[PDB]
file query_23.pdb (PDB, C-alpha atoms)
ATOM      1  CA  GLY E   1     145.534 205.437 275.814  1.00  0.00           C
ATOM      2  CA  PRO E   2     148.258 204.189 273.536  1.00  0.00           C
ATOM      3  CA  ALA E   3     151.738 205.589 274.337  1.00  0.00           C
ATOM      4  CA  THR E   4     154.699 206.803 272.237  1.00  0.00           C
ATOM      5  CA  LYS E   5     158.534 206.410 272.060  1.00  0.00           C
ATOM      6  CA  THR E   6     161.669 208.205 270.945  1.00  0.00           C
ATOM      7  CA  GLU E   7     165.224 207.109 270.094  1.00  0.00           C
ATOM      8  CA  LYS E   8     168.552 209.082 270.076  1.00  0.00           C
ATOM      9  CA  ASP E   9     171.923 208.839 268.301  1.00  0.00           C
ATOM     10  CA  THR E  10     175.397 210.428 268.819  1.00  0.00           C
ATOM     11  CA  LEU E  11     178.736 209.641 267.105  1.00  0.00           C
ATOM     12  CA  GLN E  12     182.311 209.597 268.468  1.00  0.00           C
ATOM     13  CA  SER E  13     185.497 210.173 266.418  1.00  0.00           C
ATOM     14  CA  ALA E  14     188.778 212.150 266.745  1.00  0.00           C
ATOM     15  CA  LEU E  15     189.519 215.599 265.210  1.00  0.00           C
ATOM     16  CA  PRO E  16     189.909 216.162 261.422  1.00  0.00           C
ATOM     17  CA  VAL E  17     193.636 215.511 260.706  1.00  0.00           C
ATOM     18  CA  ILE E  18     194.141 215.429 256.904  1.00  0.00           C
ATOM     19  CA  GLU E  19     196.258 217.106 254.136  1.00  0.00           C
ATOM     20  CA  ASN E  20     193.390 217.642 251.609  1.00  0.00           C
ATOM     21  CA  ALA E  21     190.165 219.700 251.924  1.00  0.00           C
ATOM     22  CA  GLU E  22     186.936 220.181 249.907  1.00  0.00           C
ATOM     23  CA  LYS E  23     184.969 223.434 249.975  1.00  0.00           C
ATOM     24  CA  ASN E  24     182.101 221.342 248.522  1.00  0.00           C
ATOM     25  CA  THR E  25     179.278 221.969 251.013  1.00  0.00           C
ATOM     26  CA  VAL E  26     176.214 220.172 249.622  1.00  0.00           C
ATOM     27  CA  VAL E  27     173.339 219.141 251.861  1.00  0.00           C
ATOM     28  CA  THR E  28     170.236 217.191 250.882  1.00  0.00           C
ATOM     29  CA  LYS E  29     167.019 217.296 252.932  1.00  0.00           C
ATOM     30  CA  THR E  30     164.528 214.519 252.189  1.00  0.00           C
ATOM     31  CA  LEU E  31     161.085 215.520 253.362  1.00  0.00           C
ATOM     32  CA  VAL E  32     158.801 212.521 253.984  1.00  0.00           C
ATOM     33  CA  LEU E  33     155.504 213.924 252.679  1.00  0.00           C
ATOM     34  CA  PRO E  34     152.313 212.129 253.894  1.00  0.00           C
ATOM     35  CA  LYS E  35     150.175 209.900 251.674  1.00  0.00           C
ATOM     36  CA  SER E  36     148.504 211.267 248.577  1.00  0.00           C
ATOM     37  CA  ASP E  37     144.666 211.028 248.270  1.00  0.00           C
ATOM     38  CA  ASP E  38     144.783 207.288 249.085  1.00  0.00           C
ATOM     39  CA  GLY E  39     147.309 204.583 248.105  1.00  0.00           C
ATOM     40  CA  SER E  40     149.894 206.825 246.379  1.00  0.00           C
ATOM     41  CA  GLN E  41     152.833 208.572 248.129  1.00  0.00           C
ATOM     42  CA  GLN E  42     155.862 210.730 247.300  1.00  0.00           C
ATOM     43  CA  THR E  43     158.822 212.432 249.037  1.00  0.00           C
ATOM     44  CA  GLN E  44     160.527 215.926 248.515  1.00  0.00           C
ATOM     45  CA  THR E  45     164.355 216.106 248.008  1.00  0.00           C
ATOM     46  CA  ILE E  46     165.947 219.551 248.723  1.00  0.00           C
ATOM     47  CA  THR E  47     169.567 220.422 247.772  1.00  0.00           C
ATOM     48  CA  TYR E  48     170.907 223.695 249.297  1.00  0.00           C
ATOM     49  CA  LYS E  49     174.070 225.340 250.756  1.00  0.00           C
ATOM     50  CA  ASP E  50     173.418 229.005 251.692  1.00  0.00           C
ATOM     51  CA  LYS E  51     169.919 230.615 251.450  1.00  0.00           C
ATOM     52  CA  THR E  52     168.812 229.237 248.069  1.00  0.00           C
ATOM     53  CA  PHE E  53     167.593 226.097 246.186  1.00  0.00           C
ATOM     54  CA  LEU E  54     170.404 224.448 244.158  1.00  0.00           C
ATOM     55  CA  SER E  55     168.198 221.527 243.059  1.00  0.00           C
ATOM     56  CA  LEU E  56     164.817 219.963 243.943  1.00  0.00           C
ATOM     57  CA  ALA E  57     163.486 216.488 243.187  1.00  0.00           C
ATOM     58  CA  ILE E  58     160.066 214.850 243.559  1.00  0.00           C
ATOM     59  CA  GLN E  59     160.134 211.042 243.896  1.00  0.00           C
ATOM     60  CA  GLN E  60     156.848 209.079 243.508  1.00  0.00           C
ATOM     61  CA  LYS E  61     155.607 205.663 244.856  1.00  0.00           C
ATOM     62  CA  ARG E  62     152.237 204.040 243.978  1.00  0.00           C
ATOM     63  CA  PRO E  63     150.438 201.022 242.486  1.00  0.00           C
ATOM     64  CA  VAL E  64     149.924 200.757 238.713  1.00  0.00           C
ATOM     65  CA  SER E  65     146.613 200.881 236.752  1.00  0.00           C
ATOM     66  CA  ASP E  66     144.626 198.421 234.596  1.00  0.00           C
ATOM     67  CA  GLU E  67     146.066 199.655 231.245  1.00  0.00           C
ATOM     68  CA  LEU E  68     149.499 198.367 232.241  1.00  0.00           C
ATOM     69  CA  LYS E  69     148.036 195.217 233.906  1.00  0.00           C
ATOM     70  CA  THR E  70     146.930 194.206 230.393  1.00  0.00           C
ATOM     71  CA  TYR E  71     150.589 194.371 229.156  1.00  0.00           C
ATOM     72  CA  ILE E  72     151.834 192.506 232.268  1.00  0.00           C
ATOM     73  CA  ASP E  73     149.222 189.769 231.575  1.00  0.00           C
ATOM     74  CA  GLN E  74     150.397 189.352 227.950  1.00  0.00           C
ATOM     75  CA  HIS E  75     154.177 189.593 228.521  1.00  0.00           C
ATOM     76  CA  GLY E  76     155.161 189.669 232.215  1.00  0.00           C
ATOM     77  CA  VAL E  77     157.099 192.011 234.556  1.00  0.00           C
ATOM     78  CA  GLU E  78     160.334 190.954 232.730  1.00  0.00           C
ATOM     79  CA  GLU E  79     159.310 193.016 229.678  1.00  0.00           C
ATOM     80  CA  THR E  80     157.089 195.578 231.444  1.00  0.00           C
ATOM     81  CA  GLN E  81     159.920 197.734 232.947  1.00  0.00           C
ATOM     82  CA  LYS E  82     161.394 198.059 229.395  1.00  0.00           C
ATOM     83  CA  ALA E  83     158.011 199.122 227.987  1.00  0.00           C
ATOM     84  CA  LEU E  84     157.580 201.826 230.725  1.00  0.00           C
ATOM     85  CA  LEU E  85     160.986 203.383 229.960  1.00  0.00           C
ATOM     86  CA  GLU E  86     160.129 203.389 226.259  1.00  0.00           C
ATOM     87  CA  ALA E  87     156.791 205.074 227.106  1.00  0.00           C
ATOM     88  CA  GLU E  88     158.925 208.007 228.315  1.00  0.00           C
ATOM     89  CA  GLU E  89     160.911 208.393 225.042  1.00  0.00           C
ATOM     90  CA  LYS E  90     157.577 208.734 223.129  1.00  0.00           C
ATOM     91  CA  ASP E  91     155.748 211.025 225.629  1.00  0.00           C
ATOM     92  CA  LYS E  92     155.722 214.486 223.976  1.00  0.00           C
ATOM     93  CA  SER E  93     155.252 216.175 227.387  1.00  0.00           C
ATOM     94  CA  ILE E  94     158.451 214.396 228.621  1.00  0.00           C
ATOM     95  CA  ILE E  95     160.217 215.388 225.345  1.00  0.00           C
ATOM     96  CA  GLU E  96     159.158 219.041 225.933  1.00  0.00           C
ATOM     97  CA  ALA E  97     160.554 218.795 229.500  1.00  0.00           C
ATOM     98  CA  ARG E  98     163.846 217.151 228.405  1.00  0.00           C
ATOM     99  CA  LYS E  99     164.806 220.233 226.333  1.00  0.00           C
ATOM    100  CA  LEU E 100     165.770 221.869 229.668  1.00  0.00           C
ATOM    101  CA  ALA E 101     169.466 221.360 230.465  1.00  0.00           C
ATOM    102  CA  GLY E 102     168.539 220.909 234.156  1.00  0.00           C
ATOM    103  CA  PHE E 103     165.535 218.510 234.090  1.00  0.00           C
ATOM    104  CA  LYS E 104     165.643 214.692 234.607  1.00  0.00           C
ATOM    105  CA  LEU E 105     162.999 211.957 234.913  1.00  0.00           C
ATOM    106  CA  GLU E 106     163.529 208.288 235.918  1.00  0.00           C
ATOM    107  CA  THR E 107     160.706 205.716 236.015  1.00  0.00           C
ATOM    108  CA  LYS E 108     161.019 202.076 237.130  1.00  0.00           C
ATOM    109  CA  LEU E 109     158.701 199.111 237.671  1.00  0.00           C
ATOM    110  CA  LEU E 110     159.181 198.124 241.347  1.00  0.00           C
ATOM    111  CA  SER E 111     156.891 195.025 240.931  1.00  0.00           C
ATOM    112  CA  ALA E 112     154.236 193.467 238.593  1.00  0.00           C
ATOM    113  CA  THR E 113     151.758 195.828 240.399  1.00  0.00           C
ATOM    114  CA  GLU E 114     153.951 198.806 241.431  1.00  0.00           C
ATOM    115  CA  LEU E 115     155.977 201.699 239.825  1.00  0.00           C
ATOM    116  CA  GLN E 116     158.323 204.472 240.986  1.00  0.00           C
ATOM    117  CA  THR E 117     159.068 207.787 239.308  1.00  0.00           C
ATOM    118  CA  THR E 118     161.378 210.722 240.194  1.00  0.00           C
ATOM    119  CA  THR E 119     161.553 214.186 238.597  1.00  0.00           C
ATOM    120  CA  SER E 120     164.698 216.329 239.357  1.00  0.00           C
ATOM    121  CA  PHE E 121     165.265 220.071 238.650  1.00  0.00           C
ATOM    122  CA  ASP E 122     168.787 221.511 238.533  1.00  0.00           C
ATOM    123  CA  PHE E 123     168.103 225.220 239.383  1.00  0.00           C
ATOM    124  CA  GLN E 124     171.683 226.118 238.289  1.00  0.00           C
ATOM    125  CA  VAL E 125     170.670 225.303 234.626  1.00  0.00           C
ATOM    126  CA  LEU E 126     166.884 224.745 234.909  1.00  0.00           C
ATOM    127  CA  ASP E 127     165.030 227.483 233.043  1.00  0.00           C
ATOM    128  CA  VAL E 128     162.471 228.107 235.825  1.00  0.00           C
ATOM    129  CA  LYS E 129     160.305 230.271 233.520  1.00  0.00           C
ATOM    130  CA  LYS E 130     159.854 227.280 231.196  1.00  0.00           C
ATOM    131  CA  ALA E 131     159.799 224.587 233.958  1.00  0.00           C
ATOM    132  CA  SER E 132     156.775 226.464 235.437  1.00  0.00           C
ATOM    133  CA  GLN E 133     154.682 225.791 232.256  1.00  0.00           C
ATOM    134  CA  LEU E 134     155.366 222.250 230.908  1.00  0.00           C
ATOM    135  CA  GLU E 135     151.954 220.532 231.462  1.00  0.00           C
ATOM    136  CA  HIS E 136     153.446 217.920 233.813  1.00  0.00           C
ATOM    137  CA  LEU E 137     155.521 220.797 235.184  1.00  0.00           C
ATOM    138  CA  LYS E 138     152.587 223.150 235.814  1.00  0.00           C
ATOM    139  CA  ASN E 139     151.001 221.549 238.861  1.00  0.00           C
ATOM    140  CA  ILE E 140     154.206 221.969 240.953  1.00  0.00           C
ATOM    141  CA  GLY E 141     154.868 225.310 242.728  1.00  0.00           C
ATOM    142  CA  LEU E 142     158.131 226.028 240.848  1.00  0.00           C
ATOM    143  CA  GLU E 143     158.105 229.858 241.234  1.00  0.00           C
ATOM    144  CA  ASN E 144     156.354 229.542 244.640  1.00  0.00           C
ATOM    145  CA  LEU E 145     159.389 227.537 245.892  1.00  0.00           C
ATOM    146  CA  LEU E 146     162.020 230.132 244.975  1.00  0.00           C
ATOM    147  CA  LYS E 147     160.481 233.067 246.832  1.00  0.00           C
ATOM    148  CA  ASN E 148     161.649 231.923 250.313  1.00  0.00           C
ATOM    149  CA  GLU E 149     164.569 230.066 251.903  1.00  0.00           C
ATOM    150  CA  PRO E 150     165.312 226.356 251.267  1.00  0.00           C
ATOM    151  CA  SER E 151     164.725 225.785 255.043  1.00  0.00           C
ATOM    152  CA  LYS E 152     161.802 228.140 255.898  1.00  0.00           C
ATOM    153  CA  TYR E 153     159.279 225.935 254.076  1.00  0.00           C
ATOM    154  CA  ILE E 154     160.602 222.604 255.503  1.00  0.00           C
ATOM    155  CA  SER E 155     159.111 223.797 258.798  1.00  0.00           C
ATOM    156  CA  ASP E 156     155.843 224.685 256.925  1.00  0.00           C
ATOM    157  CA  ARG E 157     155.803 221.105 255.482  1.00  0.00           C
ATOM    158  CA  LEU E 158     155.925 219.404 258.883  1.00  0.00           C
ATOM    159  CA  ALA E 159     153.260 222.019 259.820  1.00  0.00           C
ATOM    160  CA  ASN E 160     151.107 220.791 256.833  1.00  0.00           C
ATOM    161  CA  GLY E 161     151.103 217.056 257.707  1.00  0.00           C
ATOM    162  CA  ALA E 162     154.681 216.111 256.792  1.00  0.00           C
ATOM    163  CA  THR E 163     157.788 214.450 258.250  1.00  0.00           C
ATOM    164  CA  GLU E 164     161.621 214.052 257.649  1.00  0.00           C
ATOM    165  CA  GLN E 165     164.395 211.470 257.079  1.00  0.00           C
TER     166      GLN E 165
END
call {"tool": "encode", "arguments": {"input": "query_23.pdb", "output": "structure tokens"}}
result
Amino acid sequence: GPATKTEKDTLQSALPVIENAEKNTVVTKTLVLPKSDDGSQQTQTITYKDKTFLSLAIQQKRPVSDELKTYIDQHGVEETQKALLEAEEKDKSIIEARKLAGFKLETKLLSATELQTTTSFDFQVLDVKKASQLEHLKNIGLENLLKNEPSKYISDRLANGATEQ
């Protein structure tokens, strides 16, 4: 009915010829998850190097809500980003998260109507047992991630509606 396409790519260079070397193998997968319910989306970042999860992050991309529209009416987008970041320093659930020496959260206002977030776990120093329980950090499958390979479930994601980058 419709039809479909593909592309390709392939690089060309010479051999490695250098006097320095880095045993610093770090990959990053970046799973393009589908939409959310409707109008909200997110990704899945996956850091690994052997058979195990070194770090995991969950981006976020959606429109705002009418609470924040009220602030944006009064002030403007110029002030609104600042107010969002400050909303994080006073969120007790974010404070409870930020005790972990392997948790990070960034939030930004992408437009007068639009906001990003991203939540990173550093499984070298993230206290999984606590990151499994922190209100925000309940709804995730923290423990359910660790019980299989960093790669096994990437296949299961594309099998569950997902895509890659």
call {"tool": "resolve_selection", "arguments": {"input": "query_23.pdb", "expression": "the PyMOL selection byres ((chain E and resi 34-40) around 8)", "output": "VMD selection string"}}
result
chain E and resid 32 to 33 41 to 42 60 to 63 161 to 163
call {"tool": "resolve_selection", "arguments": {"input": "query_23.pdb", "expression": "the PyMOL selection byres ((chain E and resi 120-134) around 12)", "output": "PyMOL selection string"}}
result
chain E and resi 43-48+52-60+92-107+117-119+135-146
call {"tool": "atom_distance", "arguments": {"input": "query_23.pdb", "atom1": "atom CA of residue 26 of chain E", "atom2": "atom CA of residue 164 of chain E"}}
result
17.7 Å
call {"tool": "residues_around", "arguments": {"input": "query_23.pdb", "residues": "segment 69-74 of chain E", "least_positions_apart": "6", "cutoff": "10 Å", "atoms": "all atoms listed in the file", "output": "NGL selection string"}}
result
:E and (80-81 or 83 or 112-113)
call {"tool": "closest_residue", "arguments": {"input": "query_23.pdb", "among": "E:82, E:23, E:51, E:5", "to": "residue 153 of chain E", "atoms": "only C-alpha atoms"}}
result
E:51
call {"tool": "closest_residue", "arguments": {"input": "query_23.pdb", "among": "E:156, E:2, E:79, E:17", "to": "residue 109 of chain E", "atoms": "only C-alpha atoms"}}
result
E:79
call {"tool": "atom_distance", "arguments": {"input": "query_23.pdb", "atom1": "atom CA of residue 65 of chain E", "atom2": "atom CA of residue 115 of chain E"}}
result
9.9 Å
call {"tool": "axis_aligned_box", "arguments": {"input": "query_23.pdb", "around": "segment 105-112 of chain E", "padding_each_side": "8 Å", "output": "JSON"}}
result
{"center_x": 158.9, "center_y": 202.7, "center_z": 238.1, "size_x": 25.3, "size_y": 34.5, "size_z": 22.4}
call {"tool": "atom_distance", "arguments": {"input": "query_23.pdb", "atom1": "atom CA of residue 165 of chain E", "atom2": "atom CA of residue 29 of chain E"}}
result
7.6 Å
call {"tool": "residues_around", "arguments": {"input": "query_23.pdb", "residues": "residue 25 of chain E", "least_positions_apart": "3", "cutoff": "10 Å", "atoms": "only C-alpha atoms", "output": "VMD selection string"}}
result
chain E and resid 22 48 to 50
call {"tool": "closest_residue", "arguments": {"input": "query_23.pdb", "among": "E:19, E:149, E:7, E:114", "to": "residue 77 of chain E", "atoms": "only C-alpha atoms"}}
result
E:114
call {"tool": "build_atoms", "arguments": {"input": "query_23.pdb", "residues": "segment 29-59 of chain E", "atoms": "N, CA and C atoms", "output": "PDB file, in the frame of the given file"}}
result
ATOM      1  N   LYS E  29     168.146 217.694 252.091  1.00  0.00           N
ATOM      2  CA  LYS E  29     167.019 217.296 252.932  1.00  0.00           C
ATOM      3  C   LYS E  29     166.149 216.347 252.129  1.00  0.00           C
ATOM      4  N   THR E  30     165.354 215.536 252.805  1.00  0.00           N
ATOM      5  CA  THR E  30     164.528 214.519 252.189  1.00  0.00           C
ATOM      6  C   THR E  30     163.271 214.415 253.046  1.00  0.00           C
ATOM      7  N   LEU E  31     162.366 215.327 252.734  1.00  0.00           N
ATOM      8  CA  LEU E  31     161.085 215.520 253.362  1.00  0.00           C
ATOM      9  C   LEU E  31     160.185 214.327 253.055  1.00  0.00           C
ATOM     10  N   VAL E  32     159.766 213.603 254.090  1.00  0.00           N
ATOM     11  CA  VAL E  32     158.801 212.521 253.984  1.00  0.00           C
ATOM     12  C   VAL E  32     157.438 213.205 253.969  1.00  0.00           C
ATOM     13  N   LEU E  33     156.887 213.474 252.785  1.00  0.00           N
ATOM     14  CA  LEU E  33     155.504 213.924 252.679  1.00  0.00           C
ATOM     15  C   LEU E  33     154.564 212.791 253.129  1.00  0.00           C
ATOM     16  N   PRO E  34     153.318 213.118 253.524  1.00  0.00           N
ATOM     17  CA  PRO E  34     152.313 212.129 253.894  1.00  0.00           C
ATOM     18  C   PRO E  34     151.872 211.303 252.681  1.00  0.00           C
ATOM     19  N   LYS E  35     150.810 210.509 252.837  1.00  0.00           N
ATOM     20  CA  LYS E  35     150.175 209.900 251.674  1.00  0.00           C
ATOM     21  C   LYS E  35     149.641 210.997 250.758  1.00  0.00           C
ATOM     22  N   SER E  36     149.312 210.563 249.557  1.00  0.00           N
ATOM     23  CA  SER E  36     148.504 211.267 248.577  1.00  0.00           C
ATOM     24  C   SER E  36     147.037 211.114 249.003  1.00  0.00           C
ATOM     25  N   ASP E  37     146.101 211.209 248.056  1.00  0.00           N
ATOM     26  CA  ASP E  37     144.666 211.028 248.270  1.00  0.00           C
ATOM     27  C   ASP E  37     144.446 209.723 249.028  1.00  0.00           C
ATOM     28  N   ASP E  38     144.765 208.575 248.418  1.00  0.00           N
ATOM     29  CA  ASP E  38     144.783 207.288 249.085  1.00  0.00           C
ATOM     30  C   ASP E  38     145.490 206.276 248.187  1.00  0.00           C
ATOM     31  N   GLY E  39     146.626 205.771 248.647  1.00  0.00           N
ATOM     32  CA  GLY E  39     147.309 204.583 248.105  1.00  0.00           C
ATOM     33  C   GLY E  39     148.555 204.917 247.290  1.00  0.00           C
ATOM     34  N   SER E  40     148.851 206.195 247.158  1.00  0.00           N
ATOM     35  CA  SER E  40     149.894 206.825 246.379  1.00  0.00           C
ATOM     36  C   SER E  40     150.668 207.654 247.409  1.00  0.00           C
ATOM     37  N   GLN E  41     151.981 207.783 247.258  1.00  0.00           N
ATOM     38  CA  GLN E  41     152.833 208.572 248.129  1.00  0.00           C
ATOM     39  C   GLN E  41     153.955 209.164 247.278  1.00  0.00           C
ATOM     40  N   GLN E  42     154.674 210.120 247.850  1.00  0.00           N
ATOM     41  CA  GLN E  42     155.862 210.730 247.300  1.00  0.00           C
ATOM     42  C   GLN E  42     156.641 211.360 248.452  1.00  0.00           C
ATOM     43  N   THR E  43     157.835 211.822 248.136  1.00  0.00           N
ATOM     44  CA  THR E  43     158.822 212.432 249.037  1.00  0.00           C
ATOM     45  C   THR E  43     158.991 213.930 248.639  1.00  0.00           C
ATOM     46  N   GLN E  44     160.035 214.650 249.064  1.00  0.00           N
ATOM     47  CA  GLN E  44     160.527 215.926 248.515  1.00  0.00           C
ATOM     48  C   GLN E  44     162.028 215.990 248.839  1.00  0.00           C
ATOM     49  N   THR E  45     162.908 215.956 247.839  1.00  0.00           N
ATOM     50  CA  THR E  45     164.355 216.106 248.008  1.00  0.00           C
ATOM     51  C   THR E  45     164.708 217.588 247.819  1.00  0.00           C
ATOM     52  N   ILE E  46     165.645 218.122 248.618  1.00  0.00           N
ATOM     53  CA  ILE E  46     165.947 219.551 248.723  1.00  0.00           C
ATOM     54  C   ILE E  46     167.463 219.728 248.852  1.00  0.00           C
ATOM     55  N   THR E  47     168.129 220.161 247.788  1.00  0.00           N
ATOM     56  CA  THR E  47     169.567 220.422 247.772  1.00  0.00           C
ATOM     57  C   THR E  47     169.811 221.911 248.046  1.00  0.00           C
ATOM     58  N   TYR E  48     170.588 222.275 249.079  1.00  0.00           N
ATOM     59  CA  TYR E  48     170.907 223.695 249.297  1.00  0.00           C
ATOM     60  C   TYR E  48     172.279 223.860 249.950  1.00  0.00           C
ATOM     61  N   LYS E  49     172.803 225.091 250.038  1.00  0.00           N
ATOM     62  CA  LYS E  49     174.070 225.340 250.756  1.00  0.00           C
ATOM     63  C   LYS E  49     174.262 226.734 251.351  1.00  0.00           C
ATOM     64  N   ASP E  50     173.264 227.612 251.249  1.00  0.00           N
ATOM     65  CA  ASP E  50     173.418 229.005 251.692  1.00  0.00           C
ATOM     66  C   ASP E  50     172.067 229.569 252.131  1.00  0.00           C
ATOM     67  N   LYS E  51     171.262 230.096 251.207  1.00  0.00           N
ATOM     68  CA  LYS E  51     169.919 230.615 251.450  1.00  0.00           C
ATOM     69  C   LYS E  51     168.980 230.295 250.284  1.00  0.00           C
ATOM     70  N   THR E  52     169.357 229.352 249.416  1.00  0.00           N
ATOM     71  CA  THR E  52     168.812 229.237 248.069  1.00  0.00           C
ATOM     72  C   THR E  52     168.763 227.767 247.629  1.00  0.00           C
ATOM     73  N   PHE E  53     167.859 227.438 246.699  1.00  0.00           N
ATOM     74  CA  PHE E  53     167.593 226.097 246.186  1.00  0.00           C
ATOM     75  C   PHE E  53     168.547 225.788 245.029  1.00  0.00           C
ATOM     76  N   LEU E  54     169.511 224.888 245.235  1.00  0.00           N
ATOM     77  CA  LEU E  54     170.404 224.448 244.158  1.00  0.00           C
ATOM     78  C   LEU E  54     169.715 223.447 243.235  1.00  0.00           C
ATOM     79  N   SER E  55     169.006 222.476 243.804  1.00  0.00           N
ATOM     80  CA  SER E  55     168.198 221.527 243.059  1.00  0.00           C
ATOM     81  C   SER E  55     167.059 221.040 243.956  1.00  0.00           C
ATOM     82  N   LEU E  56     166.043 220.455 243.331  1.00  0.00           N
ATOM     83  CA  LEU E  56     164.817 219.963 243.943  1.00  0.00           C
ATOM     84  C   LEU E  56     164.475 218.693 243.192  1.00  0.00           C
ATOM     85  N   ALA E  57     164.031 217.644 243.879  1.00  0.00           N
ATOM     86  CA  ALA E  57     163.486 216.488 243.187  1.00  0.00           C
ATOM     87  C   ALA E  57     162.229 215.999 243.888  1.00  0.00           C
ATOM     88  N   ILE E  58     161.339 215.384 243.122  1.00  0.00           N
ATOM     89  CA  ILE E  58     160.066 214.850 243.559  1.00  0.00           C
ATOM     90  C   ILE E  58     160.068 213.408 243.030  1.00  0.00           C
ATOM     91  N   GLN E  59     160.390 212.480 243.927  1.00  0.00           N
ATOM     92  CA  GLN E  59     160.134 211.042 243.896  1.00  0.00           C
ATOM     93  C   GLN E  59     158.629 210.761 243.741  1.00  0.00           C
TER      94      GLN E  59
END
